[PDB]
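Down below is the structure, laid out as structure tokens.
Because the Cβ atoms are built from the backbone with ideal geometry, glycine has one as well, and the counts that use them run over all protein chains shown. None of the figures in this text is laboratory data; all of them are computed from the coordinates on show.
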Amino acid sequence: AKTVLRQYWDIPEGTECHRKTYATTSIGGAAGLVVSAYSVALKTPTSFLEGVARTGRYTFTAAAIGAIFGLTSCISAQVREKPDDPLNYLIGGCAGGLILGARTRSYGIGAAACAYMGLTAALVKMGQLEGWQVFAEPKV
Amino acid sequence: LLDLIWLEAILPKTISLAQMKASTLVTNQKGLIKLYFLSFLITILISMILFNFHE
Amino acid sequence: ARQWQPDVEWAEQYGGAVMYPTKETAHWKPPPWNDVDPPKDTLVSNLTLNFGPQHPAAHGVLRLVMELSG
Amino acid sequence: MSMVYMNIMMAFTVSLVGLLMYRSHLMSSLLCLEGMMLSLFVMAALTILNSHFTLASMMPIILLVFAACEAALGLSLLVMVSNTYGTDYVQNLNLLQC
Amino acid sequence: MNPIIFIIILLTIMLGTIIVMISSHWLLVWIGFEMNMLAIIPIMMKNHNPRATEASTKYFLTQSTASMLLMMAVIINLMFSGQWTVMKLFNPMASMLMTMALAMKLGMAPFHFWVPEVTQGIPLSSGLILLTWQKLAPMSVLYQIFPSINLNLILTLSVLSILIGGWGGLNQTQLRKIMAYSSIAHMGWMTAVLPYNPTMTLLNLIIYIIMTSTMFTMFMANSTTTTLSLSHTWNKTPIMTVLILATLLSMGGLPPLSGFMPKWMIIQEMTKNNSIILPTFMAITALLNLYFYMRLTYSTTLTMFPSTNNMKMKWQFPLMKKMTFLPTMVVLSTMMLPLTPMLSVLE
Amino acid sequence: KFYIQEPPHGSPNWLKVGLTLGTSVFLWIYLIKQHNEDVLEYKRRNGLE
Amino acid sequence: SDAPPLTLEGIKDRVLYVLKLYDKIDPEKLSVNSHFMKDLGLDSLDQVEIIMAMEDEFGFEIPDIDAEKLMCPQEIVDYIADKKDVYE
Amino acid sequence: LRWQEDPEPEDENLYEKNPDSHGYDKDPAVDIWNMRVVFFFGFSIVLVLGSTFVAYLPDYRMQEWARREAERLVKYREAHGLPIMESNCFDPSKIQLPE
Amino acid sequence: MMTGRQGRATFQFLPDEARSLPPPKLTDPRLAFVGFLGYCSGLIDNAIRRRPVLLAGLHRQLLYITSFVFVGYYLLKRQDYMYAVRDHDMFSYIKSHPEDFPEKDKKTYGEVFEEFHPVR
Amino acid sequence: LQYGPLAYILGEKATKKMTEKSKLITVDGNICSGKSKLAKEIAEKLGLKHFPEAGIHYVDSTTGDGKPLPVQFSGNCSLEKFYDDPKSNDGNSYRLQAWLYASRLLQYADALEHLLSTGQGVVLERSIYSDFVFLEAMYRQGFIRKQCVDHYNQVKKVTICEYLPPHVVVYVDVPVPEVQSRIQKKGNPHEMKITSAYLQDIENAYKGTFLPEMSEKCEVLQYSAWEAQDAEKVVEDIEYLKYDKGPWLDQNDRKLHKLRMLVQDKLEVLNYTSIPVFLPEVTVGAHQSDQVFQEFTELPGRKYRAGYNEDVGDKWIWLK
Ligand SMILES: CCCCCCCCCCCCCCCCCC(=O)OC[C@H](COP(=O)(O)OCCN)OC(=O)CCCCCCCCCCCCCCCCC
Ligand SMILES: Nc1nc2c(ncn2[C@H]2C[C@H](O)[C@@H](COP(=O)(O)OP(=O)(O)OP(=O)(O)O)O2)c(=O)[nH]1
Ligand SMILES: [Mg+2]
């Protein structure tokens, strides 16, 4: 899961939308697969088809969010010529949050997800600009 | 509209109810040894296939 | 102006198996007060064996039906 | 690592995956635990013998000793499991967290 | 169980733990774990009821599986270094196996499912040995191999424990599962700071042991294993209700109580290494722990729940249980914050 | 007598009371000797006296 | 989840369906009010076998004293309701 | 009924039994002492002596000194024809501009 | 970090070099607080066992205080020793690495240019 | 040394004091059947310790000065009020029965503790094993609701399994009309309002559920009214019993240690008598509960643990 991220931060921001969309869709799909791995194992389905049916629903939902987010944030930096702007990710994140509302069929979940994904996506871009660290190597 | 509903709705009420749901999932287990250990196999594969922790 | 203190209805909230009942955990029952569950009913039957009539020790004409535990 | 190490480590994984995936019998999953001990025993014996680590030659022997203190312990619970229910099915051990 | 047999079995559990702590050989460390696991099962099945059997069966399977992984890591390390010393491992694959093995014995998520279950099926005294003394050995091995532990692996488990631990306990009414999930969340704080400063790992482990031991002792005094059962204590031992309040508040990390010290010192170390986001996430996520500690106080000390008529018969008898070390432990678990700089003695 | 039974604590356990007071006296004596000894060796090594 | 509740209309289908499988009752003239003996012509033992099927259908024991009175499909539906408390 | 519980008590009226009550306590002896300590230490000590203490604080925050100090400088800097206030608060001779 | 402090002396509570430090004075505020904790334990012990808190078992309470102070005193000796070691290692390292800790060149505020931001 | 693991290891076993005469005898029988006097005689002739039947104020006799405490500190349940209004709306019937069961449980624990520690036998008048007979009569006479019976079984089902049954069960049988006869000339007017059916239900439960089940685990002796008159006959039957059944044959030092450690601790005995099952008959409000408990704690010699109450002449507190 390191290579895919590297392929996403090694592309100039706001350009080559198709390449960035593939990366985000892959990352989104991987997240939906892990969710479906545990869901299948912990809550055993009542038939083989109901298991792949469950996995398809979860993987598709996570790939839809990954695709829209990568697509929306890539053009917004293309249209505005503002590559280093966390606002582009904010638009992208809330766009992904909206889809989660659509596929779950709940406006509240779509509303809540837009804000929390939108804020989460923006903070991701800020840290890349500022060089924040989530897992900081020991230094002192 | 503002004090009793929308200020309650966004910060306190939603942050609370998300925890309630997240708690039922992590505790909606049936104590079946068969299902837990299958989860360990998933974690071990994930730690390598995706995250390359073995490296 | 006696201050309100939890009544029976309030306490019942904390008597269930779980705090937040769902579709699944509706049927969960509280564990036994002393942790001992009732023993189960008839489970295992003794093996039944024909000790005859064609047996060296059955004298030829003794069908001795036995129930063995081991 | 010679081609033999592949099979012994391949054998250990097969036992490990076998253990984590219970079918119905508890005795079937106790053998996999004993199977893993045999893999580790062999793998240690090849490593120690090959390098002439003389004093380490006692390690595999000590390994078997606690390999059986689990089997003895594991069978002890199996007796107590079947007494309560009459069979060693794992689906009967669902009183806790349910 | 014959009283002589209980002591000898107990002395074997400590010997198994002590062997792991003083050993300088990967073989003995494994023997220590096996000896500890051998003599812990009988204490679980000291009453012989179906729930004790299930707990012992689930506990044996998890630890034995963990031991196979720990021995496998020891053999791979032997191949790639040709030595048995209990020090940093000499292969990335062995470190992953040992880290997961130790995480399985500690109960850190996602290998956590057994901890709520084993504790619920064993007596209160047995649970005290399971949630306090059984962390000393798995922790003394992480203390010696932390340089080689992968950074991303260890922190991921800690972030999962603090989340799984916090959410799990929200839904529980049994006291033996509230403490089971409280244990999991606290493992997250211990292992989160291990890469940065192992000394703070010991401090978080010592405070956890005292507060946990104090909680179990007060539960055993009244023989209470449910939330409601603990609600009648105000009608028997009112002094016992207040001590539970103070200890529970401390376990939540509220100042100026001892349970704030390990959290306070953990945040310092992580920040000094430029880790700002993770301590913030851990600190906020710990509010989940404080919430379901506050429900116990509401039902136990801050309000008077309905009682029963037969409760009047208990007023006439003294509390005859030992409650060993309880007066000392309660003080150490609430009034140690002014002596924070004493943590240097742990180094 | 008031109580119908003899309370287990009807009278002091003078063995306990003797040991309790003995330990307290011993430790204070041991500690006070310890501090005095520590002070002397502290001056001896630092050379101030 | 909690299973769907038993309703008097649900029981009715079960009884008639069970009677429908029976090979001695003609499906044409089996009404919810038809009588086993007089209308359908079944003999005593034929009646006893039907009651046995109902025990398999709903999985509970019916004493012989009660089955002596279940002479038409209606009271069967009533009896099942009384046992499961399906007032509906 | 749903449980055994005492009925609702009815609020005591202190004037019911003690027509001269100050409301501090049901004991006329103690009640009178509660009033006295509140009135003495409150109205006679804190408010009166405390108010007098504030009124005679020794030049709270050198407000009086600064007045007499400004008079001397204006007195001093007008006899010598100097400006009352110099537009610079620091000596330029000891400042190094960045360039 | 100081676990392997290049001194051997492993598994010793107070190494012999620790005798070169001034022992804690018995009037230490730290030690008095530790003793006060002992007294609080004694009162708690009486309370949970339903005895007159301030009076029952004076012999017992005297033992709580003394035991707490006895152990407390030795922890202060080791608490102060470890910190003394921390500075000893910190300074010698600085002395052994002049280049990594260079003496700074200090300028007065009449030469240091600081941006000014009005508040209006 | 207060009994515990150390005293046991030091060599204080139960078999070292148990003898073939250390027996636990229990005299049952319907109301006004002479069990009260008969059990008094069996103890003296065989030299056992006699335990009067555990009424409402049994626990009081075991603690403090032994004088009964006021009624409110015993649940307020009134035996006579049960006779006056057995179908009252304040649930006096079950609170009385629920209270009584705890009294018998506490008494039975007292009996076993004496038997194991001292080795002398003991004679009881009814016990936790025969207490359900009255509950059975109340339910069939419409005095206690169905939910009350379910509560009783749960409390019973988690406590009665920890104790061994009695050695000998002496049942004194008296026909219901005779009981009605022996009550009329008995004095107390409240008992005179007992209906016959109530005694019949006790009789039906006693013989049919209790006596059948005790025989397969205890040595049951049945005596008529006239036979019960002379205790010498009964004392002869008891002394020639064989004692060849029941769980008392397979108890050794290890198992009696577990039992003895339970009955000396009276709070562990009464643990489940107060399970948090909110039945209206036994539930108590917080305000009422707080009030009574503060009154109890100010009774003479109740403020502190026994032996530390200064007002009742205790001394040496500051060294104790
Ligand atoms: C910067 C570099 C690029 C980084 C990659 C960017 C792309 C990120 C891709 C995001 C993928 C989201 C993963 C969410 C998994 C959701 C799994 C799922 O589909 O099920 C969720 C559930 C619906 O399941 P349900 O219908 O209830 O099942 C049947 C039950 N009867 O519905 C629910 O229960 C709602 C709960 C799901 C919400 C999970 C929490 C949000 C996920 C974290 C996203 C945060 C970041 C997103 C923005 C991107 C940040 C850069
Ligand atoms: N409701 C109820 N009353 C009980 C219970 N046990 C005793 N009583 C009451 C019934 C009687 O009024 C009283 C005593 O009953 P007895 O059996 O001892 O009859 P009595 O003493 O009058 O004569 P006797 O024992 O035969 O010599 O106590 C009980 O478990 N429930
Ligand atoms: Mg009588």
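When Rg and the Kirkwood radius Rh are both evaluated on Cα atoms of chain E, their ratio Rg/Rh stands at 0.97.
Straight-line reach from J:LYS45: taking Cα to Cα under 21 Å and skipping same-chain neighbours fewer than 8 places apart, the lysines in range are J:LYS17, J:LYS21, J:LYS23, J:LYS35, J:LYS37, J:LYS233, J:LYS242. With springs only between Cα atoms under 10 Å apart, run a GNM on chain I and tell me which of I:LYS104, I:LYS95, I:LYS25 wobbles the most. Maximum fluctuation in the GNM of chain I, among the listed residues, is at I:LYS104.
Counting beta carbons within 10 Å around each of D:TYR85, E:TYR208 and listing the fewest first gives the order D:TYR85, E:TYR208.
Please figure out what share of the DSSP beta bridges in the protein assembly as shown is antiparallel and state it in percent, rounded to the nearest 5. Here the share of antiparallel DSSP bridges comes out near 35 percent.
Over the protein assembly as shown, the pair-distance histogram of Cα-Cα distances with 10 Å bins from zero comes to 1, 6, 11, 15, 17, 17, 13, 10, 5, 3, 1, 1, 0, 0, 0, 0 percent, rounded to whole numbers. Cross-link check: pairs E:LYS321/F:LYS16; F:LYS16/J:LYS13; G:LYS69/J:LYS146; B:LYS21/C:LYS23 evaluated at a Cα-Cα cut-off of 21 Å; pairs beyond the cut-off: F:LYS16/J:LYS13; G:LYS69/J:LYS146. Mean-square fluctuation check for chain E, GNM, Cα pairs under 10 Å: which of E:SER223, E:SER333, E:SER213 is largest? Of the options given, E:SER223 has the highest mean-square fluctuation. Under conditions of 4 °C and 1.567 mPa s, chain H yields 60 µm² s⁻¹ as its translational diffusion coefficient, taking Rh as the Kirkwood radius over Cα pairs in the Stokes-Einstein equation. How large is log10 of I(q)/I(0) for the stretch J:1-127 at q = 0.12, 0.17, 0.18, 0.19 Å⁻¹ when the intensity is taken from the Debye formula with one equal scatterer per alpha-carbon? Taking Cα atoms of the stretch J:1-127 as identical point scatterers yields -0.59, -0.99, -1.06, -1.12. Of the chymotrypsin sites (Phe, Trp or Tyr not before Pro) found in the stretch H:1-81, those that fall in a DSSP loop while having at most 15 other beta-carbon atoms within 10 Å are H:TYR56.
With a 10 Å cut-off around each Cβ of D:31-41, the average count of Cβ atoms from other chains is 3. For peptide F:17-25, the mean count of partner chain Cβ atoms within 10 Å of a residue's Cβ comes to 5. Look at the dipole of the protein assembly as shown built from charges on Cβ: of E:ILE22, E:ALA137, D:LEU20, the Cα furthest out on the positive end belongs to E:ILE22. Treating only the Cα positions of chain G as identical point scatterers, give the base-10 log of I(q)/I(0) from the Debye formula at each q in 0.19 Å⁻¹. Treating every Cα as an identical point scatterer, log10 I(q)/I(0) equals -0.84.
The spacing between the stretch E:279-296 and chain B, judged by their C-alpha centroids, is 16 Å.
In chain E, Cα pairs under 8 Å separated by at least six residues give a relative contact order of 15 percent. Centre-to-centre, using Cα atoms only, the stretch E:8-43 and the stretch A:2-35 are separated by 48 Å.
In loop segments of the stretch H:53-91 as defined by DSSP, there are no trypsin sites (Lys or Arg not before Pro) with at most 10 further C-beta atoms inside 10 Å of their C-beta. Measuring against 22 Å, Cα to Cα, the residue pairs F:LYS33/I:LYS77; H:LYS94/I:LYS107; B:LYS13/E:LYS177; E:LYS88/E:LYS135; E:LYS322/I:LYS77; J:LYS40/J:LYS258 contain B:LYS13/E:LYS177; E:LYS322/I:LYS77; J:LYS40/J:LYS258 as the ones spanning a longer distance. When chain J is treated as a GNM with alpha-carbon contacts under 10 Å, the residue of J:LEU106, J:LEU46, J:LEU249 showing the greatest mean-square fluctuation is J:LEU249. Rg/Rh for the stretch D:3-85 (Cα atoms only, Rh after Kirkwood) is 1.08. Peptide I:14-24 is shielded by partner chain Cβ atoms: per residue, an average of 3 of them sit within 10 Å of its Cβ.
Using the rule -39500 (n - 2.57) for each DSSP H run of four or more residues, divided by the residues of the protein assembly as shown, the 222 nm mean residue ellipticity is -18000 deg cm²/dmol. Sorting E:78-88, E:171-181, C:46-56 by average packing, meaning the other beta carbons within 10 Å per residue, from highest down gives E:171-181, E:78-88, C:46-56. The protection proxy used here, the mean number of other Cβ atoms lying within 10 Å of each residue, ranks peptides A:21-27, E:320-326, J:173-179 as follows, highest first: A:21-27, J:173-179, E:320-326. For the stretch J:109-223, the equivalent ellipsoid derived from the alpha-carbon gyration tensor has semi-axes of 27, 20, 14 Å in decreasing order. The GluC sites (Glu not before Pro) found in the stretch H:1-48 that occupy coil by DSSP, while having at most 15 further C-beta atoms within 10 Å, are H:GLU10, H:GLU12. In chain A, the longest principal axis of the Cα atoms and the axis of helix A:107-130 are about 40 degrees apart.
Can you grab the distance from the C-alpha centre of the stretch G:12-28 to the C-alpha centre of the stretch J:197-228, Å, no decimals? The stretch G:12-28 and the stretch J:197-228 have Cα centres separated by 53 Å.
When only Cα pairs below 8 angstrom with a gap of at least 6 residues are kept, the stretch D:3-85 shows a relative contact order of 27 percent. Using only the alpha-carbon atoms, how far is helix I:29-48 inclined from the longest principal axis of chain I? Give it as 0 to 90 degrees, nearest 10. Value to nearest ten degrees: 40. Under the criterion of Cα pairs below 8 Å and six or more residues apart, the relative contact order for chain J equals 27 percent. Each of the peptides E:294-303, C:13-22 was scored by the mean count of other Cβ atoms within 10 Å over its residues; in descending order, highest first, they stand as E:294-303, C:13-22.
Helices that extend 27 Å or more along their long axis by alpha-carbon positions and average at least 1.0 on the Kyte-Doolittle scale are absent among the DSSP H runs of chain H.
Remark: the Cα gyration tensor places chain J in the oblate category, a/c being 1.5 or greater and a/b not exceeding b/c.
Rounded to the nearest 10 degrees, the inclination of helix A:86-104 to the longest alpha-carbon principal axis of chain A is 10 degrees.
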